[PDB]
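Before any questions on how it binds or moves, here is one chain, the form solved without its partner chain, in structure tokens.
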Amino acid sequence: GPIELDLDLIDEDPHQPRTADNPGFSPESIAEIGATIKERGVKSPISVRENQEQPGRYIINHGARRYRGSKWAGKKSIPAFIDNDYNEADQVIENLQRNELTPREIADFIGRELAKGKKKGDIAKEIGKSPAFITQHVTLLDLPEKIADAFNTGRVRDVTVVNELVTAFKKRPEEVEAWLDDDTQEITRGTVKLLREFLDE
């Protein structure tokens, strides 16, 4: 098993590669992971090494956000394992060697929850995200036909841009379809911003 370690006994590593400026150490970001820890617990135990200088204490290998989130959530302890064979490169590995769910995969998860009758509000809570994040992904579950093609072929991949394109389609469907019908037309945050403006003239 993992050990439940008193937070009082744990120090952050001052040479960790994540610096103070990192978005992930913003109060909002710690609050976000913190809420999931309050609800579900830390699900991936942190890695610590024994402090050689102060026996009985531990230094974080990986897990500073889980640690700060645990404090935010009012936890007295955190699940952890001891690994004294952990180096600075491993800390960068922990962070770089991982891959996200796609927007489609997130939408489809939301879809399966909606199909079971769960409210958007509760779907937000159980994954620790905002209602606006749910809304943006839900858009992908019922895309207009031409926009769906562009999304599936990979001609546009960013959920925010897809949403902006749908919002335009609702107000002016013929004009957006003719813009997509051009093969030279790339789809970026920028080109869509240009399309929105063209349509308000």
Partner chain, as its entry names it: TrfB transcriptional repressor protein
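Numbering follows the first chain given and starts at 1.
FYI, the form deposited with its partner chain bound isn't displayed, but the following is about it.
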Can you tell me whether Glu12 touches its partner chain? I mean in the entry with it bound, with a 4.5 angstroms heavy atom cut-off. no
Although the partner isn't part of this model, could you tell me whether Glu197 comes within 4.5 Å of its partner chain in the entry with it bound, counting any heavy atom of the residue? yes
Taking heavy atoms and a 4.5 Å limit, what residues of 166-200 are near its partner chain in the entry with it bound? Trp179, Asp182, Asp183, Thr184, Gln185, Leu194, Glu197, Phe198
Rigid part of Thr139 equals that of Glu201 between this form and the one not shown: yes
Mind checking the CA-CA distance of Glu164 and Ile33 in the entry with it bound? It differs by 3 Å or more from this form, so is it closer or farther? farther
Since the Cα-Cα distance for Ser70 and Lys125 shifts by 3 angstroms or more in the entry with it bound, is it a contraction (closer) or an expansion (farther)? farther
